[PDB]
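Enquirer:
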Amino acid sequence: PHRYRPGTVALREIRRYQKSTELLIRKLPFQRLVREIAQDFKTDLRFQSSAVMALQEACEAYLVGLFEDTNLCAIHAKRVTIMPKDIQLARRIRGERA
Amino acid sequence: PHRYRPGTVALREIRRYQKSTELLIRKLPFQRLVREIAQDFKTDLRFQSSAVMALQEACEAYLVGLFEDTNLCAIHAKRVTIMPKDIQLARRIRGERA
Amino acid sequence: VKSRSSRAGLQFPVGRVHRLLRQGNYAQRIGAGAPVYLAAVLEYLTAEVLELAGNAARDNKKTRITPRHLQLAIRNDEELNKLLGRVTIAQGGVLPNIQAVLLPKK
Amino acid sequence: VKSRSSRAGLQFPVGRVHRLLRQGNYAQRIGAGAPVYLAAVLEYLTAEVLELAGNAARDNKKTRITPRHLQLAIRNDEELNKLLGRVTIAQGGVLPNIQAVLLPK
Amino acid sequence: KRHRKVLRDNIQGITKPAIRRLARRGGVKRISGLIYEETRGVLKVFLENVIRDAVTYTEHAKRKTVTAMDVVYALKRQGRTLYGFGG
Amino acid sequence: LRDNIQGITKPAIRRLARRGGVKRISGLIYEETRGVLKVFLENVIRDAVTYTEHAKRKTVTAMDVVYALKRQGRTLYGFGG
Amino acid sequence: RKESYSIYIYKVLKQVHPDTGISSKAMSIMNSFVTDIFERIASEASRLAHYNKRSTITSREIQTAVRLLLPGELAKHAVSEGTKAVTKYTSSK
Amino acid sequence: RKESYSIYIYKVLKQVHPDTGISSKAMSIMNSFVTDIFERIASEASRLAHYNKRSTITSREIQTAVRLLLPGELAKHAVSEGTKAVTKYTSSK
DNA sequence: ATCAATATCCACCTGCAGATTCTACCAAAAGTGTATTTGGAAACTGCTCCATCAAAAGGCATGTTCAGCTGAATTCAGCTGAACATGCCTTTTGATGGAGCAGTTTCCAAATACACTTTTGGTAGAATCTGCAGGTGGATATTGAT
DNA sequence: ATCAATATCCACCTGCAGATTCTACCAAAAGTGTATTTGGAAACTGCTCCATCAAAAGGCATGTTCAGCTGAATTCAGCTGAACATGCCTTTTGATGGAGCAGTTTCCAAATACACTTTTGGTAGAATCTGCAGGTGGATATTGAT
Ligand SMILES: [Cl-]
Ligand SMILES: [Cl-]
Ligand SMILES: [Cl-]
Ligand SMILES: [Cl-]
Ligand SMILES: [Cl-]
Ligand SMILES: [Cl-]
Ligand SMILES: [Cl-]
Ligand SMILES: [Cl-]
Ligand SMILES: [Mn+2]
Ligand SMILES: [Mn+2]
Ligand SMILES: [Mn+2]
Ligand SMILES: [Mn+2]
Ligand SMILES: [Mn+2]
Ligand SMILES: [Mn+2]
Ligand SMILES: [Mn+2]
Ligand SMILES: [Mn+2]
Ligand SMILES: [Mn+2]
Ligand SMILES: [Mn+2]
Ligand SMILES: [Mn+2]
Ligand SMILES: [Mn+2]
Ligand SMILES: [Mn+2]
Ligand SMILES: [Mn+2]
Ligand SMILES: [Mn+2]
Ligand SMILES: [Mn+2]
Ligand SMILES: [Mn+2]
Ligand SMILES: [Mn+2]
Ligand SMILES: [Mn+2]
Ligand SMILES: [Mn+2]
Ligand SMILES: [Mn+2]
Ligand SMILES: [Mn+2]
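Chains S, L, G, Z, E, X, B and W supply the protein sequences, listed in that same order. If you count the first sequence from 1, you need to add 38 to reach full-length UniProt numbering. If you count the second sequence from 1, you need to add 38 to reach full-length UniProt numbering. If you count the third sequence from 1, you need to add 14 to reach full-length UniProt numbering. If you count the fourth sequence from 1, you need to add 14 to reach full-length UniProt numbering. If you count the fifth sequence from 1, you need to add 16 to reach full-length UniProt numbering. If you count the sixth sequence from 1, you need to add 22 to reach full-length UniProt numbering. If you count the seventh sequence from 1, you need to add 34 to reach full-length UniProt numbering. If you count the eighth sequence from 1, you need to add 34 to reach full-length UniProt numbering.
1. Helix or strand or just coil, what does DSSP make of B/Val113?
2. Helix, strand or coil: which one does DSSP assign to S/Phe85?
3. Rounded to whole angstroms, how far is the Cβ of X/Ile30 from the Cβ of X/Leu59, which I believe are closer than 8 angstroms?
4. Would you tell me roughly how many angstroms separate the C-alpha atoms of E/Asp86 and X/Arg93, rounded to the nearest one?
5. Kindly list, in the order they appear in chain L, the residues whose Cβ is closer than 7 angstroms to that of S/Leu127.
6. Under 7 angstroms: does the beta carbon of W/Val50 sit that close to some heavy atom of ligand 12?
7. To the nearest angstrom, report how far apart X/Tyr99 and B/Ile63 are at their CA atoms.
8. List the residues of chain Z whose Cβ lies closer than 9 angstroms to the Cβ of S/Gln56, in chain order.
9. Counting contacts by CB-CB distance shorter than 8 angstroms, is E/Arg96 in contact with chain B?
10. Going by DSSP in three states, B/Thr90 sits in which element: helix, strand or coil?
11. Select from W/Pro105, W/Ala76, W/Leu47, W/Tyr85 the residue whose C-alpha is nearest the C-alpha of Z/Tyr51.
12. Give a yes or no on whether the minimum CB-CB distance between W/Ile43 and chain E is below 8 angstroms.
13. If we call anything under 8 angstroms between Cβ atoms a contact, is G/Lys96 one with B/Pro105?
14. When you compare only the Cα positions, how much space is there between S/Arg41 and S/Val47?
15. Check each candidate in X/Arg46, X/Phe62, X/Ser48 and name the one with the smallest Cα separation from L/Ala99.
16. Can a CB atom of chain L be found closer than 8 angstroms to the CB of G/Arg89?
17. For Z/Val63, decide whether its Cβ has a neighbour in chain S, counting only Cβ atoms nearer than 8 angstroms.
18. For the segment 66 to 80 of chain E, which residues have a CB atom closer than 8 angstroms to at least one CB atom of chain B, in sequence order?
19. Alpha carbon to alpha carbon, how far is G/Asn74 from L/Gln56?
20. Along the chain, which unbroken stretches of the alpha helix (DSSP H) at least 4 residues long are found entirely within the segment 64 to 103 of chain E?
21. May I ask whether a heavy atom of ligand 9 can be found less than 7 angstroms away from the beta carbon of W/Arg101?
22. Using the rule of at least 16 other Cβ atoms within 10 Å of the residue's Cβ for burial, across every protein chain shown, is L/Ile75 buried or exposed?
23. Could you work out which residues of chain Z lie near E/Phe101, taking near to mean beta carbons separated by less than 7 angstroms?
24. Between the beta-carbon of W/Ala60 and the beta-carbon of Z/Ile79, is there less than 8 angstroms?
25. Residues in its own chain within less than 6 angstroms of B/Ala83 by CB, not counting five upstream and five downstream?
26. Regarding X/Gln94 and ligand 1, is the C-beta to nearest heavy atom distance less than 7 angstroms?
27. Closer than 7 angstroms to a non-hydrogen atom of ligand 2 - does that hold for the CB of W/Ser93?
28. Is the shortest distance between the beta-carbon of E/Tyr52 and the beta-carbons of chain B less than 8 angstroms?
29. Under three-state DSSP, which class holds G/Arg43?
30. Smallest Cα separation from L/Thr108: which of X/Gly103, X/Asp25, X/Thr55, X/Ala34?
31. Just to make sure I have the definition right: I need the residues of chain E whose C-beta is within less than 9 angstroms of the C-beta of Z/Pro81. Which are they?
32. What does G/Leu86 touch in chain L if you count any residue whose Cβ is under 7 angstroms from its own?
33. Going by the DSSP bridge assignment, what does W/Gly55 pair with across the sheet?
34. Beta strand (DSSP E) containing L/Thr46: first to last residue?
35. Taking Cβ-Cβ distances shorter than 9 angstroms, what residues in chain L pair up with G/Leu116?
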C-alpha cells in the first residue's frame, strides 16, 4: 500500500497547472452559466462561440489572479489554507465590493 | 500624577483626526520635499501654491487610504499593530507591486 | 428668443454643453438632442449630491455646504460612492470609523 | 511613387497609421510627422516583445511563438510587465511561482 | 415553435475540482471547505457585470447576437483588457 | 542639516495613520512610509513636470498636477478641474 | 476670461435647498464633479459611436453611456431626466 | 474586408528572429497589442493637444505621450526610434 | 543511509491540422495643385512666486517607565488531502435549417455652414453674514483604590 | 460596580474677521435664418454562423473512507511601542519689494486641408509545406516506508 503524504500531490498539481495554459472549467457548463445570466438580463439572446470563449478566458484569468492574492492573505495570517476571510480581504483591498 | 493607559490617547486621536480635514504633514517640509524631487526631473522650476497644495491633498489622501488597508492587513493577522509587512501586502494586492 | 436650456426646462447651459461636445473631439457631428440629454443628466446628478450634501450640512448644524459635507454625503451613499470610488475630494477628510477589535473590552 | 514607410525607414504602415489617426477623433488636424513617429514606436515595441517571445520559444524547444511564449516574455520583463500590467493574454497561463513557505521542510 | 429547457442552478456547474484547479494555477496548496461557495458567488458577480455591459453594447448595436467584440469592449470598460479575440 | 524626506516627521505620519484608524504603530513603519511616500511623489511629479515641459512652461501649475493625478488613476476634485 | 458651472450649480442648490449656501472650495469640487462626469459620458458616447461606424453622437449614445457609467438607480433616474428634457425640448417651437 | 497589422508584425518577426514563426492565436494577440498601444498613445496625444488649446497633433505630442505611457528604458528607446524615423522622413522628397 | 512505488523526463516517430506561399482584384495610399489656417516668434505687460526678515508659537525631539502585546511553545481535535470505486455527462464529429448579420441602394430628416443679431456669463469693486475660535460651567469618561 | 479625582467633552453664548452675496457693465458666445450637404434609416437580400440534434465513449465528476497534520486555543515571558513631562528650534506668517514669467496680441512662412486623378500595396481565399501534439517506452529523479 502506497500513499503520498498530504501536500505532495497538491504541490505536484500546482506545478502541473502552472506549466499549462488550457482552460480549467468545463466548457459546456460555463456556456450554460453564461446563457443563464445573459437570459436573466435579456431574453432571445444569441452568442458567438468566440464571445463565450472570451468570457471564459476573462473569468479564469480573473479567478487565478484572485486566488494568488488570496494565497498571499492566508500566508500573511501564518496559514497555508485559503479561507473565505482571505478572499474577502483581497477583494476589499482591490476595491471590489461584496 | 495622572496617566492614561496605552491605547486610550490613541483612540482619542483616531476620533479627533477622523473628525477634522486639516492637512497633517507640515506645509514647509513638504514643499521642500516636493521641490527637491521635482528638481531631479527638471531644474529651475517654479510651483503654483495651488499645485503644491493639490500635491499635498492627493498625497495625504493616498497615505490615509493605504493606512486603512494596512490596518485591515494587520487585523487579518490577528494583530493590532501595523507593520511594514502589512503595508507591503496591501500595496502588492493594490497592484502597486508584483 | 428663448434659450435651449429654457426650452428643455433646464438650469444647465444646453448651448455650452453643445459647444464643449464639439470642441472635445468626440465625433464629427453632434445631434441636436445630445446636449439637451447630457445637460439634463449633469443637472440631475448635481441636484442629487447637492441635496445629500445639504442634508449633511443640516446635520452638522451648518447653513453653508463645505468639502467635508460633500464627502460625508458621497461616502455615506452607496451609489455616489461607487460612481466616485476613485475620486479624491480635497479637504473632505474621512468617515469616522473604528474597527471594533480596536475598542476597549469592558 | 515612394512609400512614406520607406521614406521613414519603417516596416509599419505610415499611411495607414495616419488614416487611423484621422478617423479616431483625436484632433481636428494631424501633423505629417505624427503618424511617422507613432508607427515607428509601434514597430519598435512590436520588435521588443517579439524578441523576448522568440527567446521564450527557443527556450521551450519551439519554432513557433505561442500565446504562452508571449506571456512568459512579458511577465518576465519588468518594463513590459508594467506596460501590460492590466492586460490579459488569452491562453497565456501564468509564470511558475510557488511561495517558499509552501515547500516541504 | 419550441423553447429551450429552463436554465437554472448552472453555477453549480462550476465544479469543486475545477475551482481546485484554478486555485492550483494560483499556486494555492490547501483549501478550506467553504471556499467553493464563496468562489461561485464572486464568479457570478464578475460574470454578471461583464455580461451586463456586453449585452448593453449588443442592444445599442441593435443586434440580437452578442459578439466577441462586445465582450472585449465590456471587459475594457472594467479595466480588464483582453488580448486574442479581435481586440 | 537633515534630509528632506526626514522632514516628513514621525508624529505627522502618526497623525495620518490615526486618520486611517490605526491604533498601534510598529517602530519600523515610519521609514517604510517615507519610502512609499517618496515613490508616490516621484511618479506624480514626474508626470506633472512632463505636462509642464510640453506646455513650454517653467511653472508647474495645479492643472498639471491634476492631469498627472488623473493619469495615475487618482482623480482630484477642487483644483481647477 | 475663464468660465465654469458655478452659477448653474448655485441655481440648482437653491432649487434643492432654498436656504443653503456653498463655500468656494465646495463650489470648486462641484465644478470638478460636473467636468468629470461630462468627460466620462462624452468619452463613452464617442466610443459607442465609433464601435458602430457612426459619426454622430446622438441622444441615444448619451443614454447608453449613462446606462454603462452610472450605478443602477442613479442611472435609471438619469435616463428619466434625460428623456424628459429631450421630449420637452422637442415640444417647444 | 478586415485589415490588420499581421504582415508588418511578420516582417518584424523575421527581422529579429529569422527562423521563428508565429501561430495565428499569438499573431492575434500581437494585433491586439499594437491596436492597444496605438489607442493609448493617440488618446494621450489628443488629451495633450486639448490641454494646450492646440488643434494639431504633431510628433511632439506623440513624443510626450510616449514618455508618459511607457516605462523608463522602453520609453527612451521608443523616443530614439521616433526621432530617427521623423528626421529621415523629413529629409526626403 | 537503503529499497519499492510512482511520477518525471527526454528522445525518437509520424501524420495533421495549422501555418506559409502563391495569385488575383480594389480600395487605399500617393502624387499635383490650389486654398486656408496654425502656431510660432519678438516685444511687453500685470501677477503670482521666490527670497528675506523677524519674530513668537506651538509642535517636535528626548528620555523614563512600564503596560500590554506580540510571538514562541505546546496540544489536540477535526478538517481536509489522497486514493478508490462508479457511473454520468461532457466532449467530438458532422449534418441541417434558418435567424440574423452585413452589404447595397435609395433618399430625406437632420446637421453644417456662414451671416448677423442678441443676450448671457465674467470681471472688478460693492454690501452683508456665517462660523470659528474662546469661555465658562456642567456632566462624562477614565483610572486608581474601599 | 461604587468611592473620589484628575482630565475630557459637550452645551450654550459671543463677537468679527474672512469670506460670500449682491450690483453694475461690455465682449463673446448662443440663437436665427438661410443654403446646402450628408449621414444612416428603410427595404430587399446574398450567406455566414449560430442553434439543435444525434450518438458513441472515455475523461472526469461524485461520493466514501480514513488518517495526517493543520488551525485554533491557551499560556507566558520579554521587550516593544505608548504616555508623559521637559526644553529646544523650526514652521508660520505677514507684508514687501522685485522680477520671472504666463497669457495675449500681431504678423506671415510653413504646414495642412482640399478635390481630383494614377498607382500600387494588402487582402481573401486556394495551393503547397511542415512544426508539433500524442503516443511509446526506457532512463532519472522524487518520495515515503523499515
Ligand atoms: Cl502610485
Ligand atoms: Cl507633425
Ligand atoms: Cl536634401
Ligand atoms: Cl506652423
Ligand atoms: Cl470522448
Ligand atoms: Cl536674468
Ligand atoms: Cl503583394
Ligand atoms: Cl504588387
Ligand atoms: Mn528657480
Ligand atoms: Mn441627437
Ligand atoms: Mn535577430
Ligand atoms: Mn535576433
Ligand atoms: Mn486542412
Ligand atoms: Mn457518479
Ligand atoms: Mn431573415
Ligand atoms: Mn442679460
Ligand atoms: Mn445676465
Ligand atoms: Mn450678466
Ligand atoms: Mn468653536
Ligand atoms: Mn463650535
Ligand atoms: Mn450648558
Ligand atoms: Mn473684508
Ligand atoms: Mn452618404
Ligand atoms: Mn487523530
Ligand atoms: Mn499549525
Ligand atoms: Mn479545531
Ligand atoms: Mn511584564
Ligand atoms: Mn512640562
Ligand atoms: Mn522678463
Ligand atoms: Mn509531446
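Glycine residues also receive a C-beta, built at the ideal position from the N, C-alpha and C atoms.
Expert: Short version:
1. helix
2. strand
3. 6 angstroms
4. 26 angstroms
5. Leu110, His114
6. yes
7. 5 angstroms
8. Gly107, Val108, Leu109, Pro110, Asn111, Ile112
9. no
10. strand
11. W/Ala76
12. no
13. yes
14. 10 angstroms
15. X/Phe62
16. no
17. no
18. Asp69, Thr72, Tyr73, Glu75, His76, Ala77
19. 15 angstroms
20. 84 to 93
21. no
22. buried
23. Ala104
24. yes
25. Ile91, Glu95
26. yes
27. yes
28. no
29. strand
30. X/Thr55
31. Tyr99, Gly100
32. The contacting residues do not exist; G/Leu86 stays about 10 angstroms from chain L at best.
33. Z/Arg78
34. No beta strand (DSSP E) holds L/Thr46; the alpha helix (DSSP H) holding it covers 46 to 57.
35. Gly45, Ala48, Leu49, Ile52, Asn109, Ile113, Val118
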